[PDB]
file model.tsv (TSV, N, CA and C atoms)
chain	number	residue	atom	x	y	z
O	1	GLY	N	5.57	-17.22	-60.21
O	1	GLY	CA	4.14	-17.09	-60.01
O	1	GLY	C	3.65	-18.06	-58.92
O	2	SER	N	2.45	-17.81	-58.44
O	2	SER	CA	1.86	-18.64	-57.40
O	2	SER	C	0.41	-18.23	-57.16
O	3	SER	N	-0.36	-19.18	-56.66
O	3	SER	CA	-1.77	-18.93	-56.37
O	3	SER	C	-2.35	-20.09	-55.55
O	4	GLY	N	-2.77	-19.76	-54.34
O	4	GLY	CA	-3.34	-20.75	-53.45
O	4	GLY	C	-2.31	-21.82	-53.08
O	5	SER	N	-2.14	-22.00	-51.78
O	5	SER	CA	-1.19	-22.97	-51.28
O	5	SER	C	-1.62	-24.38	-51.68
O	6	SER	N	-0.66	-25.29	-51.68
O	6	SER	CA	-0.93	-26.67	-52.04
O	6	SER	C	-0.28	-27.62	-51.03
O	7	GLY	N	-1.09	-28.53	-50.51
O	7	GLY	CA	-0.61	-29.49	-49.53
O	7	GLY	C	-1.05	-29.11	-48.12
O	8	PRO	N	-1.08	-30.14	-47.23
O	8	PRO	CA	-1.49	-29.92	-45.85
O	8	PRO	C	-0.38	-29.23	-45.06
O	9	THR	N	-0.80	-28.34	-44.17
O	9	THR	CA	0.14	-27.60	-43.34
O	9	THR	C	1.15	-28.55	-42.70
O	10	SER	N	2.11	-27.97	-42.00
O	10	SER	CA	3.14	-28.75	-41.34
O	10	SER	C	2.54	-29.46	-40.12
O	11	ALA	N	2.85	-30.75	-40.02
O	11	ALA	CA	2.35	-31.56	-38.92
O	11	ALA	C	2.54	-30.79	-37.61
O	12	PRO	N	1.78	-31.23	-36.57
O	12	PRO	CA	1.85	-30.59	-35.27
O	12	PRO	C	3.14	-30.98	-34.54
O	13	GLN	N	3.52	-30.14	-33.58
O	13	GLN	CA	4.73	-30.39	-32.81
O	13	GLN	C	4.54	-29.90	-31.37
O	14	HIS	N	5.47	-30.30	-30.52
O	14	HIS	CA	5.42	-29.91	-29.12
O	14	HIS	C	4.18	-30.52	-28.46
O	15	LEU	N	3.84	-31.71	-28.92
O	15	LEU	CA	2.68	-32.41	-28.38
O	15	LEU	C	3.12	-33.32	-27.24
O	16	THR	N	2.72	-32.95	-26.03
O	16	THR	CA	3.07	-33.72	-24.85
O	16	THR	C	1.88	-33.79	-23.89
O	17	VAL	N	2.03	-34.63	-22.88
O	17	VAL	CA	0.98	-34.80	-21.89
O	17	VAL	C	1.21	-33.81	-20.74
O	18	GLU	N	0.30	-32.86	-20.64
O	18	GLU	CA	0.39	-31.85	-19.59
O	18	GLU	C	-0.09	-32.43	-18.25
O	19	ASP	N	-1.30	-32.95	-18.28
O	19	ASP	CA	-1.89	-33.54	-17.08
O	19	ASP	C	-2.61	-34.83	-17.45
O	20	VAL	N	-2.93	-35.61	-16.43
O	20	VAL	CA	-3.62	-36.87	-16.63
O	20	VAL	C	-4.58	-37.12	-15.47
O	21	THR	N	-5.82	-37.42	-15.81
O	21	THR	CA	-6.84	-37.68	-14.81
O	21	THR	C	-7.15	-39.18	-14.74
O	22	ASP	N	-8.33	-39.49	-14.22
O	22	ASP	CA	-8.76	-40.87	-14.09
O	22	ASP	C	-9.41	-41.32	-15.40
O	23	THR	N	-10.34	-40.51	-15.88
O	23	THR	CA	-11.04	-40.81	-17.11
O	23	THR	C	-10.91	-39.65	-18.10
O	24	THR	N	-9.91	-38.82	-17.85
O	24	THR	CA	-9.67	-37.67	-18.71
O	24	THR	C	-8.17	-37.37	-18.79
O	25	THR	N	-7.77	-36.82	-19.93
O	25	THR	CA	-6.38	-36.49	-20.16
O	25	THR	C	-6.26	-35.14	-20.87
O	26	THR	N	-5.11	-34.50	-20.68
O	26	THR	CA	-4.86	-33.21	-21.29
O	26	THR	C	-3.72	-33.32	-22.31
O	27	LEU	N	-3.84	-32.54	-23.37
O	27	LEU	CA	-2.83	-32.54	-24.42
O	27	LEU	C	-2.54	-31.09	-24.84
O	28	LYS	N	-1.27	-30.83	-25.10
O	28	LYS	CA	-0.85	-29.50	-25.51
O	28	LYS	C	0.17	-29.62	-26.64
O	29	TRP	N	-0.16	-28.99	-27.76
O	29	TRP	CA	0.72	-29.02	-28.92
O	29	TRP	C	0.94	-27.58	-29.38
O	30	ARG	N	1.73	-27.44	-30.43
O	30	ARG	CA	2.03	-26.13	-30.98
O	30	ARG	C	1.65	-26.08	-32.47
O	31	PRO	N	1.36	-24.84	-32.94
O	31	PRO	CA	0.98	-24.64	-34.33
O	31	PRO	C	2.20	-24.75	-35.25
O	32	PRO	N	1.91	-24.98	-36.56
O	32	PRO	CA	2.97	-25.11	-37.55
O	32	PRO	C	3.57	-23.75	-37.89
O	33	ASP	N	4.64	-23.79	-38.67
O	33	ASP	CA	5.31	-22.57	-39.08
O	33	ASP	C	5.02	-22.29	-40.55
O	34	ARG	N	4.88	-23.37	-41.31
O	34	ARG	CA	4.60	-23.26	-42.73
O	34	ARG	C	3.10	-23.39	-42.99
O	35	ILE	N	2.40	-22.29	-42.78
O	35	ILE	CA	0.96	-22.27	-42.98
O	35	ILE	C	0.64	-21.54	-44.29
O	36	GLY	N	0.99	-20.26	-44.31
O	36	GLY	CA	0.75	-19.44	-45.49
O	36	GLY	C	-0.73	-19.10	-45.63
O	37	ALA	N	-1.15	-18.93	-46.88
O	37	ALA	CA	-2.54	-18.60	-47.16
O	37	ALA	C	-3.41	-19.82	-46.88
O	38	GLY	N	-4.66	-19.55	-46.52
O	38	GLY	CA	-5.61	-20.61	-46.23
O	38	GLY	C	-5.83	-20.74	-44.72
O	39	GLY	N	-4.75	-21.06	-44.02
O	39	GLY	CA	-4.82	-21.21	-42.57
O	39	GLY	C	-5.33	-22.60	-42.20
O	40	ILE	N	-4.81	-23.11	-41.09
O	40	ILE	CA	-5.20	-24.42	-40.61
O	40	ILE	C	-6.60	-24.34	-40.01
O	41	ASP	N	-7.38	-25.38	-40.26
O	41	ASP	CA	-8.74	-25.44	-39.75
O	41	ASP	C	-8.71	-25.81	-38.27
O	42	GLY	N	-7.88	-26.79	-37.95
O	42	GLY	CA	-7.75	-27.25	-36.58
O	42	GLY	C	-6.87	-28.50	-36.50
O	43	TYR	N	-7.27	-29.40	-35.61
O	43	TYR	CA	-6.53	-30.64	-35.43
O	43	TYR	C	-7.46	-31.78	-35.00
O	44	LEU	N	-7.17	-32.96	-35.52
O	44	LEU	CA	-7.97	-34.13	-35.20
O	44	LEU	C	-7.20	-35.02	-34.22
O	45	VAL	N	-7.77	-35.15	-33.03
O	45	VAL	CA	-7.15	-35.97	-31.99
O	45	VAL	C	-7.79	-37.36	-32.00
O	46	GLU	N	-6.93	-38.37	-32.12
O	46	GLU	CA	-7.39	-39.74	-32.15
O	46	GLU	C	-6.51	-40.61	-31.26
O	47	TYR	N	-7.15	-41.48	-30.49
O	47	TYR	CA	-6.44	-42.37	-29.60
O	47	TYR	C	-6.70	-43.84	-29.96
O	48	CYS	N	-5.68	-44.66	-29.75
O	48	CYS	CA	-5.79	-46.08	-30.04
O	48	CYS	C	-5.47	-46.86	-28.77
O	49	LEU	N	-6.47	-47.59	-28.29
O	49	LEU	CA	-6.31	-48.38	-27.09
O	49	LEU	C	-5.28	-49.48	-27.34
O	50	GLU	N	-4.42	-49.67	-26.36
O	50	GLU	CA	-3.38	-50.69	-26.46
O	50	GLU	C	-3.98	-52.02	-26.93
O	51	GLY	N	-3.38	-52.56	-27.98
O	51	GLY	CA	-3.85	-53.82	-28.53
O	51	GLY	C	-4.75	-53.59	-29.74
O	52	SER	N	-5.44	-52.46	-29.72
O	52	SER	CA	-6.34	-52.11	-30.80
O	52	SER	C	-5.55	-51.51	-31.97
O	53	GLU	N	-6.14	-51.60	-33.15
O	53	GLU	CA	-5.50	-51.08	-34.35
O	53	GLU	C	-6.38	-50.00	-34.99
O	54	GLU	N	-7.37	-49.56	-34.23
O	54	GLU	CA	-8.28	-48.54	-34.72
O	54	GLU	C	-8.17	-47.28	-33.85
O	55	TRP	N	-7.76	-46.19	-34.49
O	55	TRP	CA	-7.61	-44.93	-33.80
O	55	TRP	C	-8.99	-44.27	-33.71
O	56	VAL	N	-9.48	-44.16	-32.48
O	56	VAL	CA	-10.78	-43.56	-32.25
O	56	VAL	C	-10.63	-42.04	-32.17
O	57	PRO	N	-11.63	-41.33	-32.75
O	57	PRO	CA	-11.62	-39.88	-32.75
O	57	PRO	C	-11.98	-39.33	-31.36
O	58	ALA	N	-10.99	-38.69	-30.75
O	58	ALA	CA	-11.19	-38.11	-29.42
O	58	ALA	C	-12.19	-36.96	-29.52
O	59	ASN	N	-11.99	-36.12	-30.52
O	59	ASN	CA	-12.87	-34.98	-30.73
O	59	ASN	C	-13.50	-35.08	-32.12
O	60	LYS	N	-14.81	-35.28	-32.13
O	60	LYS	CA	-15.54	-35.39	-33.38
O	60	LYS	C	-15.05	-34.31	-34.35
O	61	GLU	N	-15.03	-33.08	-33.86
O	61	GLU	CA	-14.58	-31.96	-34.67
O	61	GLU	C	-13.19	-31.51	-34.23
O	62	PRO	N	-12.44	-30.94	-35.21
O	62	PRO	CA	-11.09	-30.46	-34.94
O	62	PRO	C	-11.12	-29.15	-34.16
O	63	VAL	N	-10.48	-29.18	-33.00
O	63	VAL	CA	-10.42	-28.00	-32.15
O	63	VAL	C	-9.72	-26.87	-32.90
O	64	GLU	N	-9.72	-25.70	-32.28
O	64	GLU	CA	-9.09	-24.53	-32.87
O	64	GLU	C	-7.78	-24.21	-32.14
O	65	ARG	N	-7.81	-24.42	-30.83
O	65	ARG	CA	-6.64	-24.16	-30.01
O	65	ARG	C	-5.64	-25.31	-30.13
O	66	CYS	N	-4.42	-25.04	-29.66
O	66	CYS	CA	-3.37	-26.04	-29.71
O	66	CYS	C	-3.41	-26.84	-28.41
O	67	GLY	N	-4.59	-27.35	-28.10
O	67	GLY	CA	-4.78	-28.14	-26.89
O	67	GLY	C	-6.21	-28.64	-26.78
O	68	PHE	N	-6.35	-29.83	-26.19
O	68	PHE	CA	-7.65	-30.43	-26.02
O	68	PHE	C	-7.67	-31.38	-24.81
O	69	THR	N	-8.86	-31.85	-24.48
O	69	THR	CA	-9.02	-32.75	-23.36
O	69	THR	C	-9.85	-33.97	-23.77
O	70	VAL	N	-9.22	-35.13	-23.67
O	70	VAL	CA	-9.88	-36.37	-24.02
O	70	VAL	C	-10.58	-36.95	-22.79
O	71	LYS	N	-11.83	-37.33	-22.98
O	71	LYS	CA	-12.61	-37.90	-21.89
O	71	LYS	C	-13.00	-39.34	-22.24
O	72	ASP	N	-13.59	-40.01	-21.26
O	72	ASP	CA	-14.01	-41.39	-21.46
O	72	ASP	C	-12.79	-42.25	-21.80
O	73	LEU	N	-12.10	-42.69	-20.76
O	73	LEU	CA	-10.92	-43.51	-20.94
O	73	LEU	C	-10.82	-44.51	-19.79
O	74	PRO	N	-10.30	-45.72	-20.12
O	74	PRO	CA	-10.15	-46.77	-19.12
O	74	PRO	C	-8.96	-46.48	-18.20
O	75	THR	N	-9.27	-46.34	-16.92
O	75	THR	CA	-8.24	-46.06	-15.93
O	75	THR	C	-7.23	-47.20	-15.88
O	76	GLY	N	-5.99	-46.87	-16.22
O	76	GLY	CA	-4.93	-47.86	-16.22
O	76	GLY	C	-4.83	-48.56	-17.57
O	77	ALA	N	-4.89	-47.76	-18.63
O	77	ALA	CA	-4.81	-48.30	-19.98
O	77	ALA	C	-3.79	-47.48	-20.78
O	78	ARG	N	-2.89	-48.20	-21.43
O	78	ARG	CA	-1.86	-47.56	-22.24
O	78	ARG	C	-2.44	-47.12	-23.58
O	79	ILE	N	-3.01	-45.92	-23.58
O	79	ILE	CA	-3.60	-45.37	-24.79
O	79	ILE	C	-2.61	-44.39	-25.43
O	80	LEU	N	-2.52	-44.48	-26.75
O	80	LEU	CA	-1.62	-43.61	-27.49
O	80	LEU	C	-2.43	-42.48	-28.13
O	81	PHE	N	-1.98	-41.26	-27.89
O	81	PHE	CA	-2.65	-40.09	-28.43
O	81	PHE	C	-1.88	-39.52	-29.62
O	82	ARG	N	-2.63	-39.06	-30.61
O	82	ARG	CA	-2.03	-38.49	-31.81
O	82	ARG	C	-2.85	-37.29	-32.29
O	83	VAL	N	-2.13	-36.27	-32.73
O	83	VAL	CA	-2.77	-35.06	-33.22
O	83	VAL	C	-2.39	-34.84	-34.68
O	84	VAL	N	-3.40	-34.60	-35.50
O	84	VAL	CA	-3.19	-34.37	-36.92
O	84	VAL	C	-3.88	-33.07	-37.33
O	85	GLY	N	-3.11	-32.21	-37.98
O	85	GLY	CA	-3.64	-30.93	-38.44
O	85	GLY	C	-4.48	-31.11	-39.70
O	86	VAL	N	-5.75	-30.73	-39.59
O	86	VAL	CA	-6.66	-30.84	-40.72
O	86	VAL	C	-6.63	-29.54	-41.52
O	87	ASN	N	-7.08	-29.64	-42.76
O	87	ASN	CA	-7.10	-28.48	-43.64
O	87	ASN	C	-7.76	-28.87	-44.97
O	88	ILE	N	-8.01	-27.86	-45.79
O	88	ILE	CA	-8.63	-28.08	-47.08
O	88	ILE	C	-7.85	-29.16	-47.84
O	89	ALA	N	-6.56	-29.23	-47.53
O	89	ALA	CA	-5.69	-30.20	-48.17
O	89	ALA	C	-6.01	-31.60	-47.63
O	90	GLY	N	-6.45	-31.63	-46.38
O	90	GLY	CA	-6.80	-32.89	-45.74
O	90	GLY	C	-6.22	-32.95	-44.32
O	91	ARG	N	-5.28	-33.87	-44.14
O	91	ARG	CA	-4.65	-34.04	-42.85
O	91	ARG	C	-3.12	-34.06	-43.00
O	92	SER	N	-2.44	-33.90	-41.88
O	92	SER	CA	-0.99	-33.90	-41.87
O	92	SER	C	-0.47	-35.07	-41.03
O	93	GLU	N	0.84	-35.21	-41.02
O	93	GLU	CA	1.48	-36.28	-40.26
O	93	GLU	C	1.02	-36.23	-38.81
O	94	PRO	N	0.73	-37.44	-38.26
O	94	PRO	CA	0.28	-37.56	-36.88
O	94	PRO	C	1.44	-37.36	-35.91
O	95	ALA	N	1.26	-36.41	-35.00
O	95	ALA	CA	2.28	-36.12	-34.01
O	95	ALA	C	2.17	-37.11	-32.85
O	96	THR	N	2.18	-38.39	-33.21
O	96	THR	CA	2.08	-39.45	-32.22
O	96	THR	C	2.89	-39.08	-30.97
O	97	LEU	N	2.39	-39.54	-29.83
O	97	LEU	CA	3.05	-39.27	-28.56
O	97	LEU	C	4.29	-40.17	-28.44
O	98	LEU	N	5.34	-39.60	-27.86
O	98	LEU	CA	6.58	-40.33	-27.68
O	98	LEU	C	6.34	-41.49	-26.71
O	99	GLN	N	5.38	-41.29	-25.82
O	99	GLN	CA	5.05	-42.31	-24.84
O	99	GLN	C	3.54	-42.37	-24.63
O	100	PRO	N	3.04	-43.59	-24.31
O	100	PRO	CA	1.62	-43.79	-24.08
O	100	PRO	C	1.21	-43.24	-22.72
O	101	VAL	N	-0.10	-43.24	-22.49
O	101	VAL	CA	-0.64	-42.74	-21.24
O	101	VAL	C	-1.33	-43.88	-20.49
O	102	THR	N	-1.04	-43.96	-19.20
O	102	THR	CA	-1.62	-45.00	-18.37
O	102	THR	C	-3.04	-44.62	-17.95
O	103	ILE	N	-3.29	-43.32	-17.93
O	103	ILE	CA	-4.59	-42.80	-17.55
O	103	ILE	C	-4.84	-43.09	-16.07
O	104	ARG	N	-4.66	-42.05	-15.26
O	104	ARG	CA	-4.86	-42.18	-13.83
O	104	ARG	C	-4.62	-40.84	-13.14
O	105	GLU	N	-5.35	-40.63	-12.05
O	105	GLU	CA	-5.22	-39.40	-11.29
O	105	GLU	C	-4.28	-39.59	-10.10
O	106	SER	N	-3.33	-38.68	-9.99
O	106	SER	CA	-2.36	-38.74	-8.90
O	106	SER	C	-2.03	-37.33	-8.41
O	107	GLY	N	-2.47	-37.05	-7.20
O	107	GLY	CA	-2.23	-35.74	-6.60
O	107	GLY	C	-1.03	-35.79	-5.65
O	108	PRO	N	-0.71	-34.60	-5.07
O	108	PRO	CA	0.40	-34.49	-4.14
O	108	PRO	C	0.04	-35.09	-2.78
O	109	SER	N	1.05	-35.18	-1.92
O	109	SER	CA	0.85	-35.73	-0.60
O	109	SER	C	1.95	-35.25	0.34
O	110	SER	N	1.67	-35.32	1.63
O	110	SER	CA	2.62	-34.89	2.64
O	110	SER	C	3.07	-33.46	2.36
O	111	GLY	N	2.32	-32.52	2.93
O	111	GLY	CA	2.62	-31.11	2.75
O	111	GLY	C	3.08	-30.48	4.06
call {"tool": "encode", "arguments": {"input": "model.tsv", "output": "structure tokens"}}
result
Amino acid sequence: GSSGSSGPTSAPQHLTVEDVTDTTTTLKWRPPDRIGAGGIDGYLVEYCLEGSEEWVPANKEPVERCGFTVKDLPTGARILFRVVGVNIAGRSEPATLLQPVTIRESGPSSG
């Protein structure tokens, strides 16, 4: 027997830095496989400035897509980004980034 799923969906994966701006950054992750009934509400993106121990909410509300854009960031700061899948169950394991972001815009040259 069974009725209504129990527990938060599977943490996010495939979370990497696609692009990086001066005061903005891009993030792209993938949806879980073990969702079942209910469905994931979204994801909570939070960043912690190097030295700080408080993860600030990048997006007040959890996005729907498997990607978001964080704004308002100190150019040249090692900020760590983490994505957590929210749901009626609550939240899931943070897909912390393997590496921090320096935050800076760098385009091509010599064409």
call {"tool": "closest_residue", "arguments": {"input": "model.tsv", "among": "O:68, O:7, O:59, O:49", "to": "residue O:37", "atoms": "only C-alpha atoms"}}
result
O:7
call {"tool": "closest_residue", "arguments": {"input": "model.tsv", "among": "O:63, O:22, O:92, O:54", "to": "residue O:9", "atoms": "all atoms listed in the file"}}
result
O:92
call {"tool": "closest_residue", "arguments": {"input": "model.tsv", "among": "O:34, O:20, O:44, O:28", "to": "residue O:104", "atoms": "all atoms listed in the file"}}
result
O:20
call {"tool": "closest_residue", "arguments": {"input": "model.tsv", "among": "O:89, O:110, O:71, O:78", "to": "residue O:25", "atoms": "all atoms listed in the file"}}
result
O:71
call {"tool": "atom_distance", "arguments": {"input": "model.tsv", "atom1": "atom N of residue O:101", "atom2": "atom C of residue O:77"}}
result
5.9 Å
call {"tool": "residues_around", "arguments": {"input": "model.tsv", "residues": "residue O:38", "least_positions_apart": "3", "cutoff": "7 Å", "atoms": "all atoms listed in the file", "output": "PyMOL selection string"}}
result
chain O and resi 5+35+41
call {"tool": "closest_residue", "arguments": {"input": "model.tsv", "among": "O:26, O:2, O:16, O:76", "to": "residue O:96", "atoms": "all atoms listed in the file"}}
result
O:16
call {"tool": "select_by_dssp", "arguments": {"input": "model.tsv", "residues": "chain O", "states": "strand (DSSP E or B)", "output": "NGL selection string"}}
result
:O and (13-20 or 24-30 or 42-49 or 56-57 or 63 or 67-71 or 79-87 or 90-91 or 101)
call {"tool": "atom_distance", "arguments": {"input": "model.tsv", "atom1": "atom N of residue O:79", "atom2": "atom N of residue O:33"}}
result
27.9 Å
call {"tool": "closest_residue", "arguments": {"input": "model.tsv", "among": "O:75, O:61, O:83, O:6", "to": "residue O:106", "atoms": "only C-alpha atoms"}}
result
O:75
call {"tool": "atom_distance", "arguments": {"input": "model.tsv", "atom1": "atom CA of residue O:51", "atom2": "atom CA of residue O:17"}}
result
20.7 Å
call {"tool": "axis_aligned_box", "arguments": {"input": "model.tsv", "around": "stretch 24-34 of chain O", "padding_each_side": "4 Å", "output": "lines of an AutoDock Vina configuration file"}}
result
center_x = -2.3
center_y = -30.6
center_z = -30.4
size_x = 23.2
size_y = 24.5
size_z = 33.1
call {"tool": "residues_near_point", "arguments": {"input": "model.tsv", "point": "(-8.7, -38.5, -28.1)", "cutoff": "6 Å", "atoms": "only N, CA and C atoms", "output": "JSON, numbers by chain"}}
result
{"O": [45, 46, 47, 56, 57, 58, 59, 70]}
call {"tool": "build_atoms", "arguments": {"input": "model.tsv", "residues": "stretch 91-109 of chain O", "atoms": "N, CA, C and O atoms", "output": "short mmCIF file (atom, residue, chain, number, x, y, z; two decimals), keeping the file's coordinate frame"}}
result
data_model
loop_
_atom_site.label_atom_id
_atom_site.label_comp_id
_atom_site.auth_asym_id
_atom_site.auth_seq_id
_atom_site.Cartn_x
_atom_site.Cartn_y
_atom_site.Cartn_z
N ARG O 91 -5.28 -33.87 -44.14
CA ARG O 91 -4.65 -34.04 -42.85
C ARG O 91 -3.12 -34.06 -43.00
O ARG O 91 -2.61 -34.23 -44.11
N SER O 92 -2.44 -33.90 -41.88
CA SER O 92 -0.99 -33.90 -41.87
C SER O 92 -0.47 -35.07 -41.03
O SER O 92 -1.26 -35.79 -40.41
N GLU O 93 0.84 -35.21 -41.02
CA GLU O 93 1.48 -36.28 -40.26
C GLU O 93 1.02 -36.23 -38.81
O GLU O 93 0.93 -35.16 -38.21
N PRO O 94 0.73 -37.44 -38.26
CA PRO O 94 0.28 -37.56 -36.88
C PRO O 94 1.44 -37.36 -35.91
O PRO O 94 2.46 -38.04 -36.00
N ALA O 95 1.26 -36.41 -35.00
CA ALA O 95 2.28 -36.12 -34.01
C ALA O 95 2.17 -37.11 -32.85
O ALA O 95 2.08 -36.72 -31.69
N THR O 96 2.18 -38.39 -33.21
CA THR O 96 2.08 -39.45 -32.22
C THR O 96 2.89 -39.08 -30.97
O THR O 96 3.91 -38.41 -31.06
N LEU O 97 2.39 -39.54 -29.83
CA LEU O 97 3.05 -39.27 -28.56
C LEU O 97 4.29 -40.17 -28.44
O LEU O 97 4.27 -41.32 -28.85
N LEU O 98 5.34 -39.60 -27.86
CA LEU O 98 6.58 -40.33 -27.68
C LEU O 98 6.34 -41.49 -26.71
O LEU O 98 7.01 -42.52 -26.80
N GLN O 99 5.38 -41.29 -25.82
CA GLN O 99 5.05 -42.31 -24.84
C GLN O 99 3.54 -42.37 -24.63
O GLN O 99 2.85 -41.35 -24.74
N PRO O 100 3.04 -43.59 -24.31
CA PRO O 100 1.62 -43.79 -24.08
C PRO O 100 1.21 -43.24 -22.72
O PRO O 100 2.05 -42.84 -21.92
N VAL O 101 -0.10 -43.24 -22.49
CA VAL O 101 -0.64 -42.74 -21.24
C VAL O 101 -1.33 -43.88 -20.49
O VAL O 101 -2.08 -44.65 -21.09
N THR O 102 -1.04 -43.96 -19.20
CA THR O 102 -1.62 -45.00 -18.37
C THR O 102 -3.04 -44.62 -17.95
O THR O 102 -3.87 -45.48 -17.65
N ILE O 103 -3.29 -43.32 -17.93
CA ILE O 103 -4.59 -42.80 -17.55
C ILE O 103 -4.84 -43.09 -16.07
O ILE O 103 -5.17 -44.21 -15.70
N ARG O 104 -4.66 -42.05 -15.26
CA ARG O 104 -4.86 -42.18 -13.83
C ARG O 104 -4.62 -40.84 -13.14
O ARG O 104 -3.81 -40.03 -13.59
N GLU O 105 -5.35 -40.63 -12.05
CA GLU O 105 -5.22 -39.40 -11.29
C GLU O 105 -4.28 -39.59 -10.10
O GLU O 105 -4.44 -40.54 -9.33
N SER O 106 -3.33 -38.68 -9.99
CA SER O 106 -2.36 -38.74 -8.90
C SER O 106 -2.03 -37.33 -8.41
O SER O 106 -1.40 -36.55 -9.13
N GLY O 107 -2.47 -37.05 -7.20
CA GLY O 107 -2.23 -35.74 -6.60
C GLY O 107 -1.03 -35.79 -5.65
O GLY O 107 -0.43 -36.84 -5.45
N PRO O 108 -0.71 -34.60 -5.07
CA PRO O 108 0.40 -34.49 -4.14
C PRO O 108 0.04 -35.09 -2.78
O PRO O 108 -1.11 -35.46 -2.55
N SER O 109 1.05 -35.18 -1.92
CA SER O 109 0.85 -35.73 -0.60
C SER O 109 1.95 -35.25 0.34
O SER O 109 3.02 -34.82 -0.11
#
